[PDB]
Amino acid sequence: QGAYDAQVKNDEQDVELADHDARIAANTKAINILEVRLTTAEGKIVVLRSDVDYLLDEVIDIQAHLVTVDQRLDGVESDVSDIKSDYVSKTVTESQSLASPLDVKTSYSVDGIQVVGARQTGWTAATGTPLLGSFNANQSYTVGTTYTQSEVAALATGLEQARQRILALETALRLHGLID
């Protein structure tokens, strides 16, 4: 019967409708689940990018700081190098020379013993013609048993020479500054 072949067909078609309904429902379920996982992933990505951006900016600053550090090191190393070559050392045994005059406080010492002190004052400067020429300290002066003008005159000359030689020595000390 044509109508009987309609309902048997209807029964088969509803079984198919049931199968489809379940399948569509499952697909919809999965999609909602996938969506949730996706939303969670998107959130973690946002936070990840926030952190990485912070790190990227932070590293940039670190490198800049490292540049300054390298520059400051270069600076202090440069000065130390300069100082090392320019400074007077207390343990070096080879002669050291200054390009300037020198001034110290109480005294100068050689080999632990004092050599030059402060300028000694209270002197009246001698006057005369300084004798820088030949000076014979072993010069002998003859004195006879009777008075001779030339002998005594020779004494006078030697005395005058001696006093002018003293002046020469004194002037030397004064020009150095050892005495006033």
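When you see a residue number, it is the position in the sequence shown, counting from 1.
> Which wins on mean Cα temperature factor, 45-53 or 32-40?
Replying inline: Mean B over CA atoms: larger for 45-53.
>> Regarding 126-134 and 140-148, which shows the higher C-alpha temperature factor on average in the entry?
In response: Mean CA B-factor is higher for 140-148.
> Ranked by Cα temperature factor within the chain, is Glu94 in the lowest third, the middle third or the highest third?
Replying inline: It falls in the top third of the chain.
> When the modelled residues of the chain are sorted by Cα temperature factor, does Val76 land in the lowest, middle or highest third?
Replying inline: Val76: CA B-factor falls in the middle third of its chain.
>> Split into thirds by Cα B-factor across the chain's modelled residues, where does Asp19 land: lowest, middle or highest?
In response: Tercile = middle for this residue's CA B-factor.
> Comparing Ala26 with the other modelled residues of its chain, is its CA B-factor in the lowest, middle or highest third?
Replying inline: It falls in the middle third of the chain.
> Going by the entry, which third of its chain does the Cα temperature factor of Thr171 land in?
Replying inline: Its C-alpha B-factor, which the entry lists for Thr171, ranks in the highest third among residues of this chain.
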